[PDB]
Protein chains: 2
Amino acid sequence: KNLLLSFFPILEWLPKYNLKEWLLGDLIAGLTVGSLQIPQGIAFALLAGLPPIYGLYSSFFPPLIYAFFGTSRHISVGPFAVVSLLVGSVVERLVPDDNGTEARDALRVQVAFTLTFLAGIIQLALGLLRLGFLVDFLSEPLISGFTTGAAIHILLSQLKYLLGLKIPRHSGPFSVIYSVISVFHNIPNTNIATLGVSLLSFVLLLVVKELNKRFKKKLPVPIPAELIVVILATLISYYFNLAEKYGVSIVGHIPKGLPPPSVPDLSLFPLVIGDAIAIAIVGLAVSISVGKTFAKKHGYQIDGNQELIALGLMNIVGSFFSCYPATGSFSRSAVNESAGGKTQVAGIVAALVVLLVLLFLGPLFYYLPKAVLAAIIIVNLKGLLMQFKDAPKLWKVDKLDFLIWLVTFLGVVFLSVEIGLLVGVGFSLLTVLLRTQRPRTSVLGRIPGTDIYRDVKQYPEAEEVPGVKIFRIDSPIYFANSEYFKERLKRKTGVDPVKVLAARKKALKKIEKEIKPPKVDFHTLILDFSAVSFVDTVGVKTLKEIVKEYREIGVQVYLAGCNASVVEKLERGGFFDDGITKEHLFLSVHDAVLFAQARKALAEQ
Amino acid sequence: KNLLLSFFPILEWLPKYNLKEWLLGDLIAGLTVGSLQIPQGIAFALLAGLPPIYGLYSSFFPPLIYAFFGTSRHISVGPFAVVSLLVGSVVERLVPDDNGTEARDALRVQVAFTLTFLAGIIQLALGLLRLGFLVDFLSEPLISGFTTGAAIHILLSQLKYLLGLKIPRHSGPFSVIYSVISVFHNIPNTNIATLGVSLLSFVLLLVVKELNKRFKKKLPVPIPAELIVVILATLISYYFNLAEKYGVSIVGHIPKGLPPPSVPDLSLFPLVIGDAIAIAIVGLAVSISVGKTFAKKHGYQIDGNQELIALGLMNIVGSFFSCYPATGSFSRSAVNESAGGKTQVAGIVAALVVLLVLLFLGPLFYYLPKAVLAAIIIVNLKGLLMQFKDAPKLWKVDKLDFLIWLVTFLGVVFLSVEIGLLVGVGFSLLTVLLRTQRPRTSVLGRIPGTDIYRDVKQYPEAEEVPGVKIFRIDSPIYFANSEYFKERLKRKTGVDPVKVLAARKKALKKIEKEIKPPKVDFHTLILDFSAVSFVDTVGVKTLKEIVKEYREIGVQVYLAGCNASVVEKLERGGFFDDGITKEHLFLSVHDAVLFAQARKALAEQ
Ligand SMILES: CCCCCCCC/C=C/CCCCCCCC(=O)O[C@H](COC(=O)CCCCCCCCCCCCCCC)COP(=O)([O-])OCC[N+](C)(C)C
Ligand SMILES: CCCCCCCC/C=C/CCCCCCCC(=O)O[C@H](COC(=O)CCCCCCCCCCCCCCC)COP(=O)([O-])OCC[N+](C)(C)C
Ligand SMILES: CCCCCCCC/C=C/CCCCCCCC(=O)O[C@H](COC(=O)CCCCCCCCCCCCCCC)COP(=O)([O-])OCC[N+](C)(C)C
Ligand SMILES: CCCCCCCC/C=C/CCCCCCCC(=O)O[C@H](COC(=O)CCCCCCCCCCCCCCC)COP(=O)([O-])OCC[N+](C)(C)C
Ligand SMILES: CCCCCCCC/C=C\CCCCCCCC(=O)O[C@H](COC(=O)CCCCCCCCCCCCCCC)COP(=O)([O-])OCC[N+](C)(C)C
Ligand SMILES: CCCCCCCC/C=C\CCCCCCCC(=O)O[C@H](COC(=O)CCCCCCCCCCCCCCC)COP(=O)([O-])OCC[N+](C)(C)C
Ligand SMILES: CC(C)CCC[C@@H](C)[C@H]1CC[C@H]2[C@@H]3CC=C4C[C@@H](O)CC[C@]4(C)[C@H]3CC[C@]12C
Ligand SMILES: CC(C)CCC[C@@H](C)[C@H]1CC[C@H]2[C@@H]3CC=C4C[C@@H](O)CC[C@]4(C)[C@H]3CC[C@]12C
Ligand SMILES: CC(C)CCC[C@@H](C)[C@H]1CC[C@H]2[C@@H]3CC=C4C[C@@H](O)CC[C@]4(C)[C@H]3CC[C@]12C
Ligand SMILES: CC(C)CCC[C@@H](C)[C@H]1CC[C@H]2[C@@H]3CC=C4C[C@@H](O)CC[C@]4(C)[C@H]3CC[C@]12C
Ligand SMILES: O=C(O)c1ccccc1O
Ligand SMILES: O=C(O)c1ccccc1O
């Protein structure tokens, strides 16, 4: 049935896969991305405080499970920077660094599995409850701001490994500032040989990337820069023996063999539930953002809910099979697309490459210096750092879009990454109220010899109809802008009905005494409700007050243009039973003007 | 100058005060409200953990300073329930209950003064930065929900004093639940004499209130129920000697003399800054809500910014003069209005009544049982508990307004009061996106023999113009609803321009081969942008994509109705330079239809 095929997209998209013009492309993309996953897999595993094999496990299992339940065709899932940074925070906070080392590592990976499990369960839940429409409220400025800020954190983290300092740091409030001043303090303790292999690594990377970009193809596969750099670096650090002589930090023992089946011990559930909710929300945000981007660019659609189910299932299975939270990334996805990725066959291929490296290659990465991994991560961070080109573009067009970018960026750098995203999303939603809270009110006049009405301040051609005042608000009438609407009505019509009623009563009861009225220039006030999208409870109450106050000073209020929803809420709310009738609701400003002039004339006789 | 008179409203409204038809009313209101402030002043002082004189100080100083800088005419400021509950939380958390008693009380009041100072400074800041427009985003359902929930907390707090139990409790997550089960556990330890004076107090209160309500006036001032009940209770508890014999808890020693000048020791600034921000935000919310309510009902306007400056100055001066955070309340304000309050002369009068009680009366309230204070607080809480009548009314009209009410109410009862307000405000702002995220799209046809166009599914009379497709979205085009807009355009026009371009290219390059087009039913697509309030950066980008994709399948896209702001953002964003021209922007759907038919005809020749 359609439910089982929608709950397992693999069973629907796999038979349709045309083996001739795609298979070659997806194999190329898979080999390219597997060659890129290995070094970054290890790197991001260190950045989360776990041993280095966990990167390879997280690069193998999640892409398989995603290929099965996933809806996107250009996303690459795996161990990503920001989730790795949040996992790391939790690990070292629940397990301080103080036989002993293996005991600490066992408790560390137990914490990591609990995190993966809980994050998977939260993502799965949001997907089953059909709450995936709320990932639409993640603006493009918000995600540009957020990923740029997170790239700053990832850049500062890899400075320490790049020089060879032994600095402790945090990801908490203002932690970037103390972290960079910590690097400025310990710069005299710079290892020279570490900086040497770092700069050698950077030189080899930029040479290989520029060369294989500009020079002739003569290749079905582009030159894997990161892989050959890792290979040359491990060979150099094994021959010249950097590790023991010069004290260059190297990757530890990488064990051979498939992952062991594990159980996330839920004794830690109340300690790590906060950071698991943060990991889940960050995972959804960046996974679905990537999916949507590539889907729009290649002309297809992803299901947000099925994406939350896919990411959730992926993380839960990984949790049991010795992994830490995986997620989509923009960097791998860009590489998987530019290599010629067409389907999730590319993901399956990449995972087979990491599989053969888990089984066979394995301990050849013993003599790999940590400085080469840090340099790889930096050169890959180019992409997200070039998103500072988005701050001026937003500035030129919309200053509130610019402020969403800036607020999220500064929130992420100068506070926590989770707090930065929460503050950004808050401000993102407030900008909608800020746009609608002082709407554009107008008094309309008829264009001479035409049955259309437009603003009199903007079109001096239009003349007001005698005895009829037409007023148009260009917004919803809700809690944010209802007091404003009532004020601007009483200001642009030049009549305050309560002041006029007070004046008339005072005049009539004073002449009653000496024996024993304020000139309103209209008999009808038409309200053009064409641009009134919706009305809330506070609007239906403000509209009832306007219609009553004008009923007391003898003015009829007609509505002209109300859409079906507004007329239904006005009916449920009791607008139509205390002055106004459903027969005072016209189709346009013209029909109301006519009925008004007519009523006046058929009363004079 | 107008600045000094706007920064001191007293100097502007006091000379205009007409001594004949107001002075009598304001004196009555002041005496009534002073008679009500004394018992509640003491009560709310105990609820905050301070000694009982602090209620009287907080009932004296703040109303004076507010009368000087304040813009509202029916607000009564003083010690209020919810602020008292938050102050209490902070005091007992920084100063556990373990000579010793006076030392503890001194450190307790030091914490209270720091809180008052910081809260005042925050309120003052928001007022000077002109950020008082953000108190408009506090919906009426939100404040109904919030005050109803807070009345539940205040009711449960006064149960313990009412029976005579010695239960410790909290205001933290789920604290209501444990607190009521704590009361269910300790109900066998019920003092009988305490319950006796409680029920006697309730009987006297309801007798006096019903009697003085229904029976003849014969009085310029209504009968002060709370004052006579406090007086009878202290006389009874002094003669029959309840305190020592039956063990009934009584109010301690109330000292004679004016407040001592104090200094809030800012050594506690980083401990109490969180709870001071919560106190400030709750104070603004309920003070300005009350001011606005009474202003709307009596036909005047308050300045939000000057209100934040007034409340701030009030709290800072109080901080120095041995007070704890004051704020406006709905209960006192209702009483000050129903008594015949016209100006802040009523506030000055009430503060003079509390002044003479601070100086002279003073220790006559030694034998006052705490159960009588608790009963007074309960009978006053009637008002806010009768706001459960608002849940059905919202339910009937708008279900999102109902959900704002419910979310804030449950947030306040079953989590913290600060968290409840924060969650409520979040959801309040999300409901605006939820209303605009699936807007009402339509395909318009011309009404026969009329130059107006309306929906064809809603008005079967309207016929589509041949060769012209007219589409109208009824909302802003921003990040929340831009993908939706593009989808519904390609669905209701029945043409996907990218699929049609692909089909046409494929057909032309296959016939090119065998030798060596998809029928779009329109040449022009008019977009009625009358109801498009605004466009963000993501809308200008989605509109550029629509206009380009339709330029490739040979269709002209005209815009018809764009307001001046939308056309300016579309111009800054670069809509007008890659297909569309500023001459494709018409004034209404009719002018566009005409220009379209015309262009087609002048091309055929
Ligand atoms: C504080 C504690 C209290 C609680 C938090 C506060 C509560 C929340 C605060 C809310 C405040 C937001 C108020 C905005 C009201 C709407 C009008 C509006 O903003 O539109 C713009 C004017 O205003 C701007 O947008 C100004 C832009 C520059 C501001 C900072 C630049 C930094 C320089 C860099 C320095 C970098 C580092 C340092 C920077 C930090 C005009 O825009 P426009 O193009 O004319 O038309 C667009 C449409 N609208 C919006 C105008 C209708
Ligand atoms: C842990 C629980 C957290 C709960 C969070 C609650 C949820 C958050 C809700 C978020 C709602 C909106 C808050 C954002 C306010 C934006 C401020 C703004 O406009 O400034 C802008 C840039 O200024 C910046 O650089 C802003 C940087 C970040 C914003 C901090 C806000 C306070 C919350 C931090 C929380 C601290 C946590 C501390 C650590 C524990 C410039 O101001 P502007 O005036 O627009 O400039 C133009 C001038 N006019 C003409 C427009 C006037
Ligand atoms: C969970 C963790 C995840 C993160 C948080 C979730 C994220 C945020 C969640 C967001 C979810 C909100 C989705 C709403 C989408 C808009 C449509 C809409 O709601 O309009 C209504 C349908 O829907 C309703 O409003 C349903 C109303 C009843 C619901 C609960 C009743 C409780 C009974 C009491 C029990 C008391 C105690 C127990 C109760 C708890 C229809 O309304 P309408 O009159 O037809 O027209 C109005 C206009 N609109 C809105 C329809 C356009
Ligand atoms: C300390 C830092 C805090 C940061 C807070 C962040 C800022 C908060 C941001 C707030 C944004 C919106 C969150 C509110 C979600 C409303 C849920 C909803 O619709 O349920 C409704 C009632 O359900 C309820 O009774 C809700 C009760 C409260 C809501 C809790 C939300 C989670 C946040 C709590 C934080 C926990 C803190 C824990 C303690 C430490 C019913 O659901 P519904 O589906 O609409 O029903 C109708 C059905 N359809 C058809 C419409 C579907
Ligand atoms: C020590 C830790 C403190 C750190 C510092 C102090 C400050 C703490 C602050 C930090 C915690 C950060 C959590 C939120 C991160 C992202 C938030 C965001 O973008 O907002 C958005 C909404 O926001 C929410 O609804 C927030 C959810 C509530 C989480 C807070 C409860 C924490 C306590 C835990 C309980 C306590 C333990 C239990 C019992 C003991 C979500 O972003 P989105 O992209 O829209 O994604 C939603 C998309 N879907 C859902 C629709 C798919
Ligand atoms: C131990 C404590 C933890 C408790 C439990 C855990 C969870 C913590 C949660 C609880 C803290 C509650 C604070 C907010 C209460 C009301 C919020 C509300 O209604 O939202 C709205 C916006 O929201 C905001 O902008 C929120 C402001 C930021 C405050 C959070 C920082 C806390 C850390 C402090 C720093 C740390 C110490 C410093 C260094 C060490 C404000 O409501 P409003 O009516 O719109 O009023 C605004 C009106 N004006 C401004 C325009 C006039
Ligand atoms: C077009 C894209 C894909 C490739 C562009 C080349 C990128 C990956 C490389 C080429 C040279 C690199 C730079 C070379 C050296 C340094 C100095 C080091 O202390 C910080 C990083 C930094 C500043 C590098 C940033 C990344 C970089 C710009
Ligand atoms: C350093 C981080 C925080 C980024 C900050 C970006 C902000 C503050 C800066 C950096 C780039 C700047 C823009 C760069 C160029 C121009 C063109 C000029 O004709 C008007 C100003 C304008 C449009 C600037 C506005 C302010 C701007 C957006
Ligand atoms: C019209 C308004 C101003 C006055 C109405 C009377 C109010 C103040 C009084 C009159 C009788 C009172 C009730 C009398 C006794 C009890 C039982 C007690 O265990 C809880 C409070 C409760 C339930 C009281 C609530 C408040 C109450 C309803
Ligand atoms: C106990 C607290 C949480 C209050 C909860 C209020 C909610 C859940 C309940 C209580 C009162 C209820 C309303 C009471 C009466 C009616 C009239 C009936 O024709 C339709 C349902 C309707 C409109 C109910 C809807 C649900 C409702 C609003
Ligand atoms: O690739 C990403 O999405 C990314 C996001 C934030 C920080 C670093 C990153 O590589
Ligand atoms: O009077 C109020 O505004 C109030 C608000 C919340 C709780 C108790 C109260 O008296």
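Figures for the structure shown
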read-out	value
Value at 222 nm in deg cm²/dmol, rounded to 500, when DSSP H runs of n ≥ 4 in chain A each add -39,500 (n - 2.57)	-20000 deg cm²/dmol
Label point distance in nm, B:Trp395-A:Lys1, each placed 7 Å from Cα along Cα→Cβ	3.3
Rg/Rh (Cα only; Kirkwood hydrodynamic radius) as it applies to region A:441-604	0.99
Dmax and Rg, reported as Rg then Dmax, of region B:17-150 (C-alpha, Å)	17.6, 57
Translational D in µm²/s for the protein assembly as shown (Stokes-Einstein at 4 °C, 1.567 mPa s, Kirkwood Rh from C-alpha pairs)	37
Reference-scaled alpha-carbon Rg (2.2 N^0.38 Å with N residues) for region A:110-173	1.59
Residue order, fewest to most surrounding Cβ atoms within 10 angstrom, among B:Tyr453, B:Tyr324	B:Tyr453, B:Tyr324
In Hz, Karplus ³J(HN,Hα) per residue of region B:415-426 (6.51, -1.76, 1.60; θ = phi - 60°; x = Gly, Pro)	9, 6, 6, 4, 4, x, 4, 5, 4, x, 5, x
For region B:520-532, Karplus couplings with θ = phi - 60° (6.51, -1.76, 1.60), whole Hz, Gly/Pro x	7, 8, 7, 9, 9, 10, 8, 10, 6, 9, 5, 7, 7
Distance in nm between pseudo-label sites at A:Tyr246 and B:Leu602 (7 Å out along the Cβ direction from Cα)	7.7
Amide H within-cut-off set for B:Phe586, under 5 Å, with H built and near neighbours excluded	B:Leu559, B:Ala560, B:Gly561
Per-residue Cβ neighbour rank within 10 angstrom, fewest leading, B:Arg599, B:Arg446	B:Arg599, B:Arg446
FRET efficiency estimate (nearest 0.05) - Cβ-Cβ, B:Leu356 to A:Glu571, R0 56 angstrom	0.50
Spatially proximal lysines relative to A:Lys569 (Cα-Cα < 16 Å; intrachain offsets below 8 disregarded)	A:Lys541, A:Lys544, A:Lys582, B:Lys393, B:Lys396, B:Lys399
Spin-label pair B:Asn186/A:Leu129, simplified geometry with 7 Å Cα→Cβ offset, distance in nm	3.6
Qualifying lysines (Cα of each under 23 Å from Cα of B:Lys256; at least 8 residues distant if same chain)	B:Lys370
Separation of alpha-carbon centers, region A:115-170 and region B:402-449, rounded to whole Å	27
Rg followed by Dmax, in Å, when chain A is reduced to its Cα trace	33.0, 120
Residues A:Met386, A:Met314 arranged by fewest to most Cβ contacts within 10 Å	A:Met386, A:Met314
Under 5 Å, built H, 5+ apart or other chain: amide partners of A:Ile470	A:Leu444, A:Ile526
Förster radius 22 Å - calculated FRET efficiency between B:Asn212 and B:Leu385 (Cβ-Cβ, nearest 0.05)	0.50
Antiparallel DSSP beta bridges within region A:441-604, percent to nearest 5	35
Local electrostatic count, B:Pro9, Cβ distance below 12 Å [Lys/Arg +1, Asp/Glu -1]	-1
Packing-based ranking, highest mean first, of B:163-171, A:2-10 given that Cβ atoms within 10 Å are counted	B:163-171, A:2-10
Partners for A:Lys486 among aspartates and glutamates (Cα-Cα distance below 12 Å; same-chain residues under 8 apart left out)	A:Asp496, A:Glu545, A:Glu549
Sites B:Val263 and A:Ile121 - FRET efficiency at Förster radius 60 Å, r taken between beta-carbons, to 0.05	0.70
B:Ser322 long-range amide H proximity, modeled H, under 5 Å	B:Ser262
Residue mean of other protein chain beta carbons inside 10 Å, A:326-337	0
Peptides ranked, highest mean first, by Cβ atoms within 10 Å: ranges A:252-260, B:507-515	A:252-260, B:507-515
Table column - 3J(HN,Hα) (Hz), region B:240-249, Karplus curve with 6.51, -1.76, 1.60, x for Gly and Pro	6, 6, 6, 3, 8, 6, 8, x, 5, 5
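Every residue, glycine among them, receives a Cβ derived from its backbone with ideal geometry; neighbour counts consider all protein chains shown. Bear in mind these aren't lab numbers, they're just calculated from the coordinates by the rules spelled out.
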